[PDB]
Each structure stands twice: as structure tokens, then as C-alpha cells.
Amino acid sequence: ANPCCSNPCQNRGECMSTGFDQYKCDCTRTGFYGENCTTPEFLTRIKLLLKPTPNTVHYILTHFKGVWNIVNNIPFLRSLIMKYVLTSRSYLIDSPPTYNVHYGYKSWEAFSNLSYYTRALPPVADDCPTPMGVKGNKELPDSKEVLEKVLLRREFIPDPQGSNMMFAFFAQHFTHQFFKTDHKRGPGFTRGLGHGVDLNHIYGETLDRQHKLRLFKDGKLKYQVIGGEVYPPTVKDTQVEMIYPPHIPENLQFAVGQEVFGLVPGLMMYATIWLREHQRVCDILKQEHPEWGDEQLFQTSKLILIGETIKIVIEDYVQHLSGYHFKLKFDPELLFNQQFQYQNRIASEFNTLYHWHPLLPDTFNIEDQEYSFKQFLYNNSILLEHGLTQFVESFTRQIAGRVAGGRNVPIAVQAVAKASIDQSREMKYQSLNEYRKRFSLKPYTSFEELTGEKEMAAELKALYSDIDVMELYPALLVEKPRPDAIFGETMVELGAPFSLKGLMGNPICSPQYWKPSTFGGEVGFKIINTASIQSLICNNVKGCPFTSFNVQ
């Protein structure tokens, strides 16, 4: 019924019904006029034939290593390169946020309610003829059919970028502070009201919890020592609820903060690492401010870790995951002379694309051993037994899967991947193509173009028929990998804008927060500006095991 079901407003115009069987587009500040916001204004023309493609740019970044090893050394030049990368993507996200699971129109409720994940593109009018508006059939491909045919892994496909387990587990631990779906409420709801890098996964979603986890001495986090090593406190000492099956030893039930990190030794490995870092910085602070009381030591430390987290994720993580030759930089001071909103709301679409289950191996080899998922999941032992050292070692050495390949989802994780396909369906999402145009990408004209091959392409066409009905999630796991890389064009273009906003748009990166003072002196500030995934391990893991997010 609803006239905008056909998604007729191009170039970002907005669409509203005007009388049952009529609509109108709002090309306000699109740069295009006319009925559907298509005919561009002169200046738009001028810049359009000038805009290099994300690909015809990704080349540049990955190439000319020599040139980059010049720019990368002219601090003047570097920050200049990084400011652009930092700025350009930003125009793709709405701040303040707009639509949500239940509002295809703006509303105050959408904006107000922090319990919802935001949404880069409105849902599909619940009264539209087809699941993507008007295109396609009454129903959409059997997800199970789609799962098996193109997603499920056959032979393990390694990652062409060398992304080890340190990476795969880091990303799962990190992103799980903001992606926290309130399954009681539904897909669309989140329990991460902090909507960003707030280290809630470490400290607690609530003050209640946060206190349950606290030592209240030296500003330190509560903890236990098993065999001379520091591990999280128990779910019986602190009284913080955790998700552990009944067949789990008291001493096994680690507390930590994020209620779910106990179900996978990968998680709890990093948990114990940060839990050590907190305490570490606490010491670095106490004897820098012997006169400080508990709270400040705590609250300050929590601030510095949010700094580190961001510095690592931008300088190690993203650096690797991009394969760019240009050396990314975390420098709040680059956005200062720039328009920018120091606020963030996490979108469903960002949660979705981040379902990188493919990264997961077939087994978890902690060198001199091999575990089936069945036995890795929520196990006390494995960590206690191997310890952080021979775990950091065993994992730096272990390649991960490839996301944008095709057929790489471990069968174990198959239930999940399906859910992802049939949940995004729940949240009435739009076509892979609508999301592509939404992010300045040209629509795919054939599944064949999408995959860049035809075995799968021809299969998808069996299922969908119109490429303009290919779903966003599957497409991301299938799509032709950018050169010798792990992701496709879409996966990179939607997610980068989202990723940098939630990183840069964090209060501590605002001009009134970014200063020696906010963190307890020049000291705790440097801790933030000299952080690296390596230092994090060297400092908090027994012998300094060398590490990298790359398989060496």
C-alpha cells in the first residue's frame, strides 16, 4: 500500500506518502532535484566526475609502498593523509541518529530511546507487497537453502591477510561491548546503552555490577590468583551473574563484567589481560598520585584503558585488517578544526556485517593440542592449563578464515549464521543493493558480478532471481574479495564509516577531554599514546610473548 515501498527516492532524498497512492521526495541537501532526487546540481556533476571509486583508491593505499614509506615519515604529510581518511567517510553516518527498527520516519521516540540499535536505512514498510518493498516474491529464499549452498564451509579457507587468532578473538571481545542485542526485547534492541567504546565489557553495564567487580582499594579491579597467576574473581566471591552451564566448577566461574565472555576461552583470555592492565595502570597512577583515593584511581584508569583500546583498534587492528601501506593514526587533534559530532549510536547494519564467524577455525590448536568447538566452549581448564603465555604463543601462530570468500562458515556456528539471515529478515531490512547505493556504491547487476565467479553466482540466481533482491548479510560473506584480502567492497564501505565514528566520536576524543589532565598527568596520557596490542601482551602476559594480529 504505502507508496514509498518502491524505495523511489534516489541519492538520499526522503520519501513520504501524500495520499494513499502518491509520495514525495525530499532532496533537501542531497544535491539532486526532480521527482526522485536524480538530476544533479552543477556542482554535484563537477564533483561526481572527480570522485575516485573506493576501489580505484584502495589500490593506491595498498600499492606504491615506496611512496607511502615517505609520506609515513613526514609527520606533516601523515596526519594530513589521516585527517582525510578520517573525515571523508564521516559524511555517511547520521548524527544525531535517525530511523530505527520501528520508525521508518524520524520521530522523537526513535531519537530518544537508547534501547534500540540505530538504523542506517529505514525498515521496509510492514505493509509493502514484497520483503524488499515491491521487488521479488511474496517470500524470500529458504535461509537454510541459502546457508548450505553458499555459506557453509567445506574445506577450510585461510585468510589471505594472515589474520591470526589474536585478531579473531580480539574483535570478538572488543565489539561485544557495543553489540549486545537485547534478545528479550528483540532484534533491534541492545543492552549497550553506552553505544560505543566504553569498556563496559570489562567494568560492567551498571554501577551495581561495576561495584561488584571492584576492589575498592588502590582503584583496583577485584581478582584471584590461581597458581601464582592473576585471573578474574569468581562468580561466588563477587556476586556478579555470569553465563556458565551448571557443570562448571566454582573456581571456573570467572566474573569479568560482560555477562557472556565466560563461554569461550578466547574471550576470557583477553578478559584476564585487560583485568591485569587495569590494575597495572592503577599502580602507575598510585605512585604518581600517592595522594589519590580509590575512586579517582579507578575512574582515571578506566579512562586510560578506553584510550588504549582506541589506540590499538586504530593503529594495530584496523591497520592490519586494511592492508593499507599508509600508517593509520589515532590523533583526536586532527578533527579539531573540523565539523564532527562527538556522539555515537550503534546501527543494526553495523552489528550485522560484523558477524565474521568465517574467521573461526575448524579446531582450536593451542600448540600441542587440538580442540573441537564442543570442547573449547565454556571450558575452565584450557586457559588454566595452558595459561596466557602458551595461548598467546599458540594463537599468534594460527591463521583464521576468510570472510568475503564464500562457503567458509564453520558448520558448528551454522545455527548462528542462519539466525543472522533470518533475524535481519525480521528487522525488515533492505536489499544488498539499496545498502550499496546508500553508501555510495553502484548496484550489482548480476550475482555473477557480486561473487566474481559463477558456481555460486548461478546458485544464488536460482534462489533470488533479481540481483536487486540479494540480501545484505549473505552477500557480505560471498562477494568477490578485494584482491589478496579478506573482505569485499561492501563489507569495507559500510563498516568503515561506522567503525571510525564509534571510535572518534567518543567523549575522550573531544577537545575538552583530550589533555594530559583527563588522565592523571603526562604519564597516563603517554600510556594512551604508546599503546599497542604488543605492549598490552608484553606488559600483562607472563614472559613477553611477541604478538601480532598477523600470522607473522
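Residue numbers run from 1 along the displayed sequence.
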(request) Look up the CA B-factors in the entry and say which stretch, 397 to 405 or 174 to 182, has the higher mean. (result) 397 to 405
(request) Return whichever of 154 to 162 and 213 to 221 has the greater mean Cα B factor according to the PDB record. (result) 154 to 162
(request) Please work out which residue in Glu333, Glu229, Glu479, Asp294 has the highest C-alpha B-factor recorded for this crystal structure. (result) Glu229
(request) Sort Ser420, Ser381, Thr300, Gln341 by C-alpha B-factor from the entry and give me just the highest. (result) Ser381
(message) Ranking every modelled residue in this chain by its Cα temperature factor as given in the entry, which third contains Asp26?
(response) lowest
(request) Grab the CA temperature factor for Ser548 from the record and place it in the lowest, middle or highest third of its chain. (result) lowest
(message) By the recorded C-alpha temperature factor, relative to the other modelled residues in its chain, which third is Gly524 in?
(response) lowest
(request) Comparing against every modelled residue in the chain, figure out the third that the C-alpha B-factor of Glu308 lands in (lowest, middle or highest). (result) lowest
(message) Quick check for you: using the entry's CA B-factors within this chain, is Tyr244 in the lowest, middle or highest third?
(response) highest
